[PDB]
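Notes follow once the structure below has been shown.
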Amino acid sequence: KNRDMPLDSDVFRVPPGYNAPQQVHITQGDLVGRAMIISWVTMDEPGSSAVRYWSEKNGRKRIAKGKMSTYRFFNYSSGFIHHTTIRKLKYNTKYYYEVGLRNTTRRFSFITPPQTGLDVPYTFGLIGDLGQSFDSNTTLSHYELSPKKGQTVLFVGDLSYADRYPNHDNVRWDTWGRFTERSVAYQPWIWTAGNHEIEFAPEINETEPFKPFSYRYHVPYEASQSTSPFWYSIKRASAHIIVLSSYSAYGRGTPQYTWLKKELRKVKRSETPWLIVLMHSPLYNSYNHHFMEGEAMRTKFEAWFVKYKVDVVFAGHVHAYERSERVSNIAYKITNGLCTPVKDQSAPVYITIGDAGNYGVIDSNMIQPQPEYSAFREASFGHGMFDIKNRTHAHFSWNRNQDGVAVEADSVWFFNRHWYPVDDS
Amino acid sequence: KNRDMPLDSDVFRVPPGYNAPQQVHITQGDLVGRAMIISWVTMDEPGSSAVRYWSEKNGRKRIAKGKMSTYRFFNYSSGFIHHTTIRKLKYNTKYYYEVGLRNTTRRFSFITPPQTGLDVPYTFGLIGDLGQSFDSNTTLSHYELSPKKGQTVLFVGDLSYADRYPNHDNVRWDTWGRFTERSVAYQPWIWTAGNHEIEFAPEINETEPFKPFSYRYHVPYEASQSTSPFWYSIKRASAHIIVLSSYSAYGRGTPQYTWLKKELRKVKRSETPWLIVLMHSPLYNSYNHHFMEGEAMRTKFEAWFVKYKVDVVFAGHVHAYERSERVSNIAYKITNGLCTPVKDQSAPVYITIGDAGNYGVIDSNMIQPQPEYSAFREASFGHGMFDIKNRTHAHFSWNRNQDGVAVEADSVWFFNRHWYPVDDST
Amino acid sequence: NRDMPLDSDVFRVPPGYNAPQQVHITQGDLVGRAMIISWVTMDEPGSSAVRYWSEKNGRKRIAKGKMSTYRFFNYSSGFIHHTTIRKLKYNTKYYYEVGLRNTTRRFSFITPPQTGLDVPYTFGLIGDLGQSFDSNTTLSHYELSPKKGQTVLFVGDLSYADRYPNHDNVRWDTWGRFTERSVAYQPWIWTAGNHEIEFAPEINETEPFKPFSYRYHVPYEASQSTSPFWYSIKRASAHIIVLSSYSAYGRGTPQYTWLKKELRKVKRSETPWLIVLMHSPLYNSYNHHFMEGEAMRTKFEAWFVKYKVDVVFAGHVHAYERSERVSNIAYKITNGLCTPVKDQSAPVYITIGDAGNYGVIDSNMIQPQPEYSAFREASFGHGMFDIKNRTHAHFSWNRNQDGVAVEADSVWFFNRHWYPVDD
Amino acid sequence: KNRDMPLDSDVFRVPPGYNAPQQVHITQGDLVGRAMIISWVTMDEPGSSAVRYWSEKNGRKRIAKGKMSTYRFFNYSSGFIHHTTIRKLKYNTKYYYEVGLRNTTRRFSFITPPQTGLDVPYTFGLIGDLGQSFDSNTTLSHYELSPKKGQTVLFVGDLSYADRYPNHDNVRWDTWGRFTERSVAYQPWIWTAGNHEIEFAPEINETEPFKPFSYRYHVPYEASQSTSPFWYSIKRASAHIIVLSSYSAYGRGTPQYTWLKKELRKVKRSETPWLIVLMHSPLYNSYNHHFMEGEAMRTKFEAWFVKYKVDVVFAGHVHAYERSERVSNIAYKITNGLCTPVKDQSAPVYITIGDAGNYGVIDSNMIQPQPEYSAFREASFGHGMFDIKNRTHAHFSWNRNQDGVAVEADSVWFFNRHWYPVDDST
Ligand SMILES: *[C@@H]1O[C@H](CO)[C@@H](O[C@@H]2O[C@H](CO)[C@@H](O)[C@H](O)[C@H]2NC(C)=O)[C@H](O[C@@H]2O[C@@H](C)[C@@H](O)[C@@H](O)[C@@H]2O)[C@H]1NC(C)=O
Ligand SMILES: *[C@@H]1O[C@H](CO)[C@@H](O[C@@H]2O[C@H](CO)[C@@H](O)[C@H](O)[C@H]2NC(C)=O)[C@H](O[C@@H]2O[C@@H](C)[C@@H](O)[C@@H](O)[C@@H]2O)[C@H]1NC(C)=O
Ligand SMILES: *[C@@H]1O[C@H](CO)[C@@H](O[C@@H]2O[C@H](CO)[C@@H](O)[C@H](O)[C@H]2NC(C)=O)[C@H](O[C@@H]2O[C@@H](C)[C@@H](O)[C@@H](O)[C@@H]2O)[C@H]1NC(C)=O
Ligand SMILES: *[C@@H]1O[C@H](CO)[C@@H](O[C@@H]2O[C@H](CO)[C@@H](O)[C@H](O)[C@H]2NC(C)=O)[C@H](O[C@@H]2O[C@@H](C)[C@@H](O)[C@@H](O)[C@@H]2O)[C@H]1NC(C)=O
Ligand SMILES: *[C@@H]1O[C@H](CO)[C@@H](O[C@@H]2O[C@H](CO)[C@@H](O)[C@H](O)[C@H]2NC(C)=O)[C@H](O[C@@H]2O[C@@H](C)[C@@H](O)[C@@H](O)[C@@H]2O)[C@H]1NC(C)=O
Ligand SMILES: *[C@@H]1O[C@H](CO)[C@@H](O[C@@H]2O[C@H](CO)[C@@H](O)[C@H](O)[C@H]2NC(C)=O)[C@H](O[C@@H]2O[C@@H](C)[C@@H](O)[C@@H](O)[C@@H]2O)[C@H]1NC(C)=O
Ligand SMILES: *[C@@H]1O[C@H](CO)[C@@H](O)[C@H](O[C@@H]2O[C@@H](C)[C@@H](O)[C@@H](O)[C@@H]2O)[C@H]1NC(C)=O
Ligand SMILES: *[C@@H]1O[C@H](CO)[C@@H](O)[C@H](O)[C@H]1NC(C)=O
Ligand SMILES: *[C@@H]1O[C@H](CO)[C@@H](O)[C@H](O)[C@H]1NC(C)=O
Ligand SMILES: *[C@@H]1O[C@H](CO)[C@@H](O)[C@H](O)[C@H]1NC(C)=O
Ligand SMILES: *[C@@H]1O[C@H](CO)[C@@H](O)[C@H](O)[C@H]1NC(C)=O
Ligand SMILES: *[C@@H]1O[C@H](CO)[C@@H](O)[C@H](O)[C@H]1NC(C)=O
Ligand SMILES: *[C@@H]1O[C@H](CO)[C@@H](O)[C@H](O)[C@H]1NC(C)=O
Ligand SMILES: [Fe+3]
Ligand SMILES: [Fe+3]
Ligand SMILES: [Fe+3]
Ligand SMILES: [Fe+3]
Ligand SMILES: [Zn+2]
Ligand SMILES: [Zn+2]
Ligand SMILES: [Zn+2]
Ligand SMILES: [Zn+2]
C-alpha cells in the first residue's frame, strides 16, 4: 500500500522566487570540524555556487566559491547541483550562511562543534532508512522536538527510496531533499550509503552504482585519505566516526579494506575516546527480514572491532530497532565448533536503528525466542540519540513515534571501552 | 630471496625488427567460441591495430580492425597496446593470424574449439599465481610439454607480480607479457583477477583498482551481460565457465551479486554439462596462509553453488595445492550450532591450484591435523589439467615441477553432478 | 516578430510513445554509397538502430549507431541519434525505419548514380533558412519545383535559435521538425554559418558550434578532414568543397592545410563540376556585411582561379546576387592593381542566402552596381543548379512571390575544364 | 645547413639531483601584475606542484599549490609538467621562490612590476622566432647583457622549432626549455603563439593545434575574460598589452574577434598610456618571405588599431628586422582604387622583430625598392627593446648580434598617440 507523502504535501513545497535555492543541506567538510560542505540545487538556471557567510561573533561577511554539476538518470535530467566548502571556521561558534546570491537569496545557520578533546560533550542523532512516508515525517518531528537537542545526525543509509518508483523517478530525490532541509540545512547529517542508494538498473542502462546519491550528497572523504566517498572518517567533539560501505568491495587488499585497517591504527583514544562505526547492513540482527545478510562483512571486520575496542556500531537496513549485548563470534575455525556468540566486554554494542519510516512498513517478524546476544528489540518506528557526557560515559536512548517526544522507550549508559571498561550490560 | 628471472633472460627477449609486435596474447572473444580477442604491444610507434587472419583450409585472408590504447602508472609510460576482436569464425578450425601489418609482421595461429555440446571432449590447463620466477618458467614448460595437451588455460589470478617491485615497476608487466607469449599467443587463457592485479597504491597516487591489468588484458564481459571485466562467463566445448572477482563487491544487490544470481539461471546442463567456477581466493583452504580469507564470499555464494550443482571451483591465492572432498557448510543460522562442513553430493569439489611459481615461495604451513573436508594437499609447485571426456566423466590431474612432465602426483575422476552424481571421493 | 509560432502545423510532434522526430539525412561517405541517418527521441533514450532495405527485392538489414545528449544553459536536449548506413547500391531507392523499440516511422531516399564525367544531377540551393513564414514558403517552392531537386546544398544559418533568449534551443527542435518533410527524404549538405557559432560567454557557453555540431553530423573523415566544419564529398558529376568562414584559415592552420591538399585531389575527368560552399560571400555588393569576405578572399581566391572552380555559393547576406567571372588577385600593396578584372578561369560567385531567415530582406545595395556584379535582387527565394553533362549546367533562381515554375534569373554555366566559353 | 645547437651543448644541461625541476619559466599570472604563473618540468617522477615563496622584505614563507599534467605526441611521452599560480603579491618587490620541494629544491627570484600608473617607467625586451641555433644563443646573451636592463620579454612567437625535427621530436621542446631558463625563470616572458606552435600533424594522428605549446606554456587568459590561451590581455606598469592569434579564427562573430572588439573598448589611456599589440604574422612587411600573409588579419583589425590609436604593433615570422612609418590602408572599397597605404599619424608603428635566430637562417630577399610605408629594414639577427620613460615618450632600439651589446643599429623615439600626438617620424 502507498504510504509515501503525496507530491503536493506541505513538506515538499518549492521555495518561492526565481531560481530559489532548494534542497539545501550541510555536512562536515574536513577531518576535525573547521569546515562545512554546503550543498543545494537550483532549478531554473545554473546560478552561482558562491556562499556568503559570517559568524555572530565577528559579523564579517565572507565568500566561499564552489562547483556546479548535473546528471541524467534514464529520462530524468537533474537541476543544477551546487557543492561548496567553507573552510577555517572557528570552533563552537554560530555562523549564518546564504545561498542563491545572484537571484533569490536564502539564509540559514549552523554551529561549529567544539574542538576535539577527551571530555568534550556532544549529542548525536541516530536516524536510519528515513524515506518520505508519513511515518518518516513523524520521526523527523520527534527528532527536532527532542529535549536532548541533537547537534549532528548520524545517518545509517537508505535516504529517499526513490528507487521504488518507476525508473527510480529521480523527482523523488528532489522531494526528499526539500523535506529533509528543515533539519539538515541547520546541522550536519553524516551520510552512510545503503542499498537503496545503489540504483544498479542495467535494464535502463544505469550501471554506475550510487550515481544519484553521489552527485547529490558529498562527503569529506579525502580528509581521511579515503579514495572513495563511500567509506571515510570524521572527528567531531570527542567522537571518532568511521563510515563503511556494505555494498562496496571489502575483501583483503581492496581499497576499503586497506583504508579501514590503517584508519583503525590511526585512532587515538586519548584524543577522541568515543569510537563509533556506521554501516548500513547490521552485523547482528535477529529479525527475519535480511536475516544473516551482515554475515560476510562480520567475518571480515568483527575481529578488528573487538581488537580496537569499538564502543558502538550503528546500522539500519532492518526496519525496526535492536540493541545487542556486548558479544563477539570470532573464535570460529571451520572445524572447532565455535560458532556461538559469547559475552565479550571488549566488543562494541551493535544497534539497529533503521526504523525512521522508510515507505511506511515495519519489520515485525522476529526469530523466536530472542537470542542471548540480543538485549532489546522492538518493531516500532523511531529514532535514537547518542549523548556523550565525557570520556567515560555516554547515554543512548531510543524514542518511539507513538510516545511523547520526551519519552525514552529504551535507554542505556555506555561505559567507554578504553577509559572505563566496566560491565555496562 | 629474489628468485625472479633477471631482465636479460631468454624468455624476456624482445622480438627483433622495427616496431615488432610483442607480448602477443589471445582469449575467447565471445560467449560460445566463434570469436577471439587478439592483444599485443608495440614499443616504437603506435602502429596498426589491424589483424590479418585466415583458416589453413579455405585461406581467404581477412582483416579485423581494433583499437590502440596507452596508460601511465606513476613514472611509467606504457607502449602502445592493441586489442582487436576477430568474429564469426568457424568451429574446430585452425586459423593463422598476423599483427604488425605496417612494419614488422609476426604470424601465429590458434585452433577454435568445437561448437558447444553435451558430449564434446576438451582439455583445460589450470594455472594460478604464475609470476616470473625460475619456478614459473618450469611450470609453463611442464604445461606445454604435457602429453595430455591442454587446449585452453583457465588462469585463477595473480599474473606478473609486478606490484612487488618499487613503484610496481610496470616493466615487469612487459616482461611477463613476453614470457607468456610462447603460450597464450597460440591458445586462449581465461583470466581471473587476483589480489596482485589490484595495484591499489594511494602513496604514489595510483588509486584505480586493476588499472594495469585491465588495460593489458581484455575479457568478453559484455557477451554474458556483465557490466564489468572482473566477473563474466564463457561457454567452450562442453563447459560453462563462471569467472568471479574476489576483490570486487559481492554484497546483496551489488552488480556482481546480481549478475551471478541471473547467470546461474542461464546455465543449461544439457548443452554444457560441466559447470566450472573460477575465483582467486579459495572458499575451502586448510593452509595457515590466507586461512579463512574466503569466508565472506563463502557466506554469499556457497549455497548457490550447491543449488546449481557446480562440478568444480578452482582458486589460487595460496601457494600450494589442495583438493577438497565434496562438502557443504551452508546450514548455519547463528544459534543452531550447525557450523561443520558435511559431505554433500550436490556440492562442488574445491581445488586450490595457486602453485605455478609466483616469486618462488611455497606455502608449507598447514592446519593440523588435516580436516575432514580436505581430501589431498601438498606444498609443491605445479599446475593442473581438467580433461573432459564426456558428459559424465572428467579427469583432473596435478603435475608437480619436481616430477616428470608425464607424472600425476594426484589425479581423480570427476563424476558430473547433473549427469552422473555418484560418490567420486578419493 | 515573424517567426512561426510554436503551435504551427509544421512544428507538430509525431504521435506515439517516443516517436522519432527531427529526422534528417546526409551523405555518409565520400562518393555516395553511405548515408547518415539522424533523429531525436524525447520520451526516453530508445534505440539507435536503423532498419533499411532496397525497394528492388529488399533484404532487411539493421545498422547500429550512437546516442548523445547535451545541455545549453538551462536547456537539456532530447536523445540524439546518429547512424551510418554503408555499402549501399547506386541509383536505387531505399526505405529506412527508425524508433524500432516503440514507435517506428518509415522514410526513404534514393542513392545518387556512381560518380562520372557525364552523370546528370540537380542540386537545390538554400541558405539562411530559419523558421519564419518566408522560410516555410521557400521550402514549399523548392519541393514543388518542376526541376526536382535531388540534394540540397545548404550554405549556412539554419534555425536562427540564437536570436531567442539564451538561444532557446527548443527553437532547434522546432526547426528540425519543420525541415523534416524535405531532409528526411534527401540529403542536405551542411555548411556552418555565423548563427551556428553560438558563442555566449555571458551564460557560460563558450564552445563554438556546440548545438549545431551535436544535431548535424557530416562525413568529414571521409575526405581526411580533422573537423566537421570543412570537408568535401562527391555526388554524381560534382566535387563539392565545404569551407568554414568562422574557423581559422591562416596559413598552416588545419583548414588551410586541408583545402590546399584537397584541391590537388580534384579530378575534373571524373567530376567536371567543382563547387565550393561557404557561408560568407567573397563577392558581395550589398551594404549588409559588405567586405566581410575579404579575409578569406585574400587567402583562397588565387586558389579558386588556379583550380578553375566553376561556382562558389554563399549565404549570409539576405538577398540574391550573381557575379561575373572576375578575379582580384594581382594586388601587391603598392602596385595599384586593386580592381577585379574579367577572368575566364575564375568561378562565378553566387549569394543565395535569401531563404527566409527571420523574415528580413537585405535591400540596401552599393550604388551604382559594380562591374563585377552581374545580377542582384532583394527577394526571398532559392536556387537550383542543374547539371546536364560535362559541359553544361543550368542555374536558376526562383522568387517566393512568383509561381513555382518561374525563374526570375537564369544562366547557363559552361564548364571551366571541358567548355570554358564566356557565359 | 643544420645550425641547431647539438644535444650536449652546455645550454641544454640537465640540473643535477634526483627529480630536479628543469625548464623553469614564469609569466604574469593576473591582469595587473600581482600574480605570477610558475612553470617547470620533472623528469624522474611526478613530484610536488607546490611552490614556496617569500619577499626579500618580510617573508613570511608561503606555499602555493599547483597542478601537474603530461601529454604524449606520437611516440614521445613528456615528463611531468607543473603550473602553479602565486597570487596577491606586493608591487615592486623582489620575491624568492623554490620548486621541487620533495627531493631536489631549486631557488629563483623575480621582481614584481610597479603598480600601473601614467608615468611608470619600464623596459620590455622584444624577441621573436628564437629557436635553438647558435644565433639563437647569441641573441639571448645580447638581451641579458644589455645596458638597458630588460625587465620583461614580449615574445612574438615561434619558440623551439621542435616541429622541424622528425615527428616533431618533442625532446627539442625540453632542450629549448632548459636553454631559455637562464632568462625566463627570473622574469616573465609574455607568449604569442606562432606558426611553429601549431604542430598540425595528421599524418601521425596529431590533430590538435598548439598541443605541446599549450601544455608547456600557460597564460593568464581568464583574467581578461578571454576563453582561450591564444588571445589575451595584460597590464604591466604603464602598458596595456594585447596578444592575438594569427592562426586562430578571427572572422566576424568568432571568439577572438568578439573578444578583441570588447577588449579595445576597455582600454583606458588615462590609466595605461601605452597600447601595445602582439601577433605573430606582420600586417606590414616588405620582405619577400611571407609577403602579404598578414593581409587577411589586416582587413579585419587594422581599422580597429587606427580607431583606438595603438602605439605600436610587434610581430615576428619574417626572419629579419623592419620598422614601418605610421601608415594606414583602410579606405579600400573594392572598386574605388584606394589601395595604397598613406601616412596616418593616428596609426601604430608596425615592427617586425622575428630575427632572434630561428634555425640559423636570415630572410634577406626584400621587395625593391623600399616602399614608402617602410621606415627602416635590415636582414640581421638581433632583438629589440621598448623602453618606456613616461606617459609621452618611449624609446625603441634594435640591437644586432654582430654589434656590441651596447650598440643600437636602429633607434627611434615614440610619441604617445594619446598623450603626445605629434608626428614622430624619423
Ligand atoms: C537574476 O539576477 C541577475 C542579476 O544577478 C539579473 O540580471 C540583471 O537584471 C537587471 C534588472 O534589474 C539588469 O539591470 C542587470 O543588467 C542584469 N544583470 C546581469 C545580466 O548581469 C537577472 O535579471 C533578468 O535577466 C536580465 C539580463 C534581464 O533580462 C532582466 O530583465 C531579467 O529580469 C535575474 N533573473 C531573473 C529572471 O530575475
Ligand atoms: C562523567 O560523566 C558521568 C555521567 O554524567 C558522571 O556521572 C554522574 O556524576 C554525577 C555527579 O557529578 C552524579 O550525580 C550522577 O549520578 C552520575 N551519573 C551516572 C550515570 O553515574 C561522571 O561523574 C563521575 O562518576 C560518577 C559515577 C560519580 O562518581 C561522580 O562523582 C564522578 O564525578 C563524570 N566523570 C567525571 C570525571 O566528572
Ligand atoms: C566417459 O568416459 C569414461 C572414461 O573414458 C568412460 O568410462 C570408461 O569406459 C571404458 C570403456 O569405454 C572402460 O574401459 C573404463 O574402465 C572406463 N573408465 C572409467 C574411469 O570409468 C565412460 O563410459 C561409460 O561409463 C563407464 C563407467 C562404463 O560403463 C563404460 O562402459 C560407459 O561407456 C564415458 N561415458 C560415456 C557415457 O561415454
Ligand atoms: C520517462 O519515461 C516514462 C515511461 O517509461 C514516462 O512515463 C510514462 O508516460 C506515459 C505517457 O507518455 C504514460 O502513459 C505511462 O503511464 C508512463 N509510464 C510509467 C511507468 O509511469 C515519463 O513520463 C512523464 O511522466 C508520465 C507519468 C507522464 O506525465 C508523461 O507525460 C511525463 O513525460 C518519462 N519522464 C519524462 C520526464 O520524460
Ligand atoms: C550538354 O547539354 C547541353 C544542354 O542541353 C547541350 O546543349 C544543347 O544541345 C541541344 C541539342 O540536343 C541544342 O539544341 C541546344 O542548343 C543546346 N543547349 C544549349 C544551352 O546550348 C550540349 O550539347 C552540346 O554542346 C552544345 C553547345 C551543342 O554543340 C550540342 O550540339 C552539343 O551536343 C551537351 N553537351 C554534350 C557533351 O552532350
Ligand atoms: C619624459 O621622458 C622623456 C625622455 O626621457 C624626457 O625627455 C628628456 O629629458 C631629458 C632631461 O630630463 C633631456 O636631456 C632629454 O633630451 C629629453 N629626451 C627627449 C627624447 O626629448 C621628458 O622630459 C621632458 O621633455 C624633455 C624634452 C625636456 O624638455 C625635459 O626637461 C622635460 O621634463 C619626460 N617628460 C617629463 C614630464 O619628465
Ligand atoms: C517501448 O518498448 C520497450 C521494448 O519493447 C517496451 O518494453 C516498453 O513497454 C513498456 O515498458 C515495459 C518495461 C513494460 O512495462 C510494458 O508494459 C510497457 O508498455 C515500450 N514502452 C512503451 C511506453 O510502450
Ligand atoms: C531558462 O531561463 C529563463 C529565464 O532566463 C526562463 O524564463 C526559462 O523558462 C528557463 N527555461 C528552462 C528552465 O528550461
Ligand atoms: C510533517 O510534520 C510537520 C511537523 O510536525 C507538520 O507541520 C506537517 O504538517 C507534516 N506534514 C505532513 C504531510 O505530514
Ligand atoms: C625457461 O625455460 C625454457 C624452456 O624450457 C628454456 O628454453 C629457457 O632457457 C628457460 N629460461 C630461463 C631463464 O630459465
Ligand atoms: C620514435 O620513432 C623514431 C622512428 O620513427 C625512432 O627513430 C625513435 O628512436 C623513436 N623515439 C622513441 C623514444 O620512441
Ligand atoms: C507551411 O507550408 C505548408 C506547405 O505549403 C503548408 O501546408 C502549411 O500550412 C504552412 N504552415 C505555416 C504555418 O505556414
Ligand atoms: C651560449 O652563450 C653563452 C653566453 O655567451 C656561452 O657561455 C655558451 O658557451 C654558449 N653556448 C653555445 C654557443 O653553445
Ligand atoms: Fe531501508
Ligand atoms: Fe599469489
Ligand atoms: Fe543569415
Ligand atoms: Fe619563425
Ligand atoms: Zn537497506
Ligand atoms: Zn593471491
Ligand atoms: Zn550569416
Ligand atoms: Zn613564423
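If you read the protein sequences in the order shown, they are chains A, D, C and B.
Start counting the first sequence at 7; every next residue gets the next number (the deposited numbering).
Start counting the second sequence at 7; every next residue gets the next number (the deposited numbering).
Start counting the third sequence at 8; every next residue gets the next number (the deposited numbering).
Start counting the fourth sequence at 7; every next residue gets the next number (the deposited numbering).
Idealized CB from N, CA, C, for every residue including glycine.
* Rounded straight-line distance, which links the Cα of residue 53/A to that of residue 106/A -> Straight-line measurement puts the Cα of residue 53/A at about 7 Å from the Cα of residue 106/A.
* Taking only heavy atoms of ligand 20 into account, decide whether any of them is closer than 7 Å to the Cβ of residue 389/C. => No; taking the cut-off as 7 Å, the Cβ of residue 389/C has no heavy atom of ligand 20 nearer than that.
* Asked: Between the C-alpha atoms of residue 49/C and residue 20/C, what's the straight-line distance to the nearest angstrom?
  -> About 10 Å.
* Asked: Relative to the C-alpha of residue 149/C, which residue among 414/C, 269/C, 422/C, 238/C is closest?
  -> Considering only alpha carbons, the answer is 414/C.
* When DSSP labels each residue in this structure, what does residue 312/C get in the three-state scheme? -> If DSSP states are grouped into helix, strand and coil, residue 312/C belongs with the helices.
* Against chain C: residues of the stretch 196-220 of chain B by CB proximity under 7 Å -> Those residues of the stretch 196-220 of chain B that come within reach of chain C (Cβ to Cβ, closer than 7 Å) are 201, 204, 206, 208, 213, 215.
* Does any residue of chain A bring its CB to less than 8 Å from the CB of residue 110/C? -> Residue 110/C does not count as touching chain A.
* **Residues bridged to residue 104/A (per DSSP)** => Bridge partners of residue 104/A: 58/A, 113/A.
* **Nearest-angstrom Cα separation, counted from residue 280/C out to residue 135/C** => Each residue's CA atom was taken as its position, placing residue 135/C and residue 280/C some 24 Å apart.
* Asked: Does at least one heavy atom of ligand 15 sit under 7 Å from the Cβ of residue 164/B?
  -> Because no heavy atom of ligand 15 lies under 7 Å away, the Cβ of residue 164/B does not count as near it: no.
* Asked: In angstroms, rounded to a whole number, what distance separates the CA positions of residue 236/D and residue 174/C?
  -> Between the C-alpha atoms of residue 236/D and residue 174/C there is a straight-line separation of about 45 Å.
* **the stretch 57-65 of chain C / the stretch 26-41 of chain C touching (three or more Cβ pairs under 8 Å)** => Counting C-beta pairs with one atom in each stretch, the stretch 57-65 of chain C and the stretch 26-41 of chain C have fewer than three that are closer than 8 Å, which means they do not touch.
* Do residue 261/A and residue 240/A have their C-beta atoms within less than 8 Å of each other? -> Remark: C-beta atoms of residue 261/A and residue 240/A do not approach each other more closely than 8 Å.
* Other residues of its chain near residue 370/A: CB distance less than 7 Å, five sequence neighbours each side excluded -> Closer than 7 Å at Cβ, skipping near neighbours: 385.
* Asked: Taking a cut of 7 Å between CB atoms, which residues from the stretch 69-103 of chain D lie near chain B?
  -> From the stretch 69-103 of chain D, only 76, 78, 80, 81, 83 have a Cβ closer than 7 Å to chain B.
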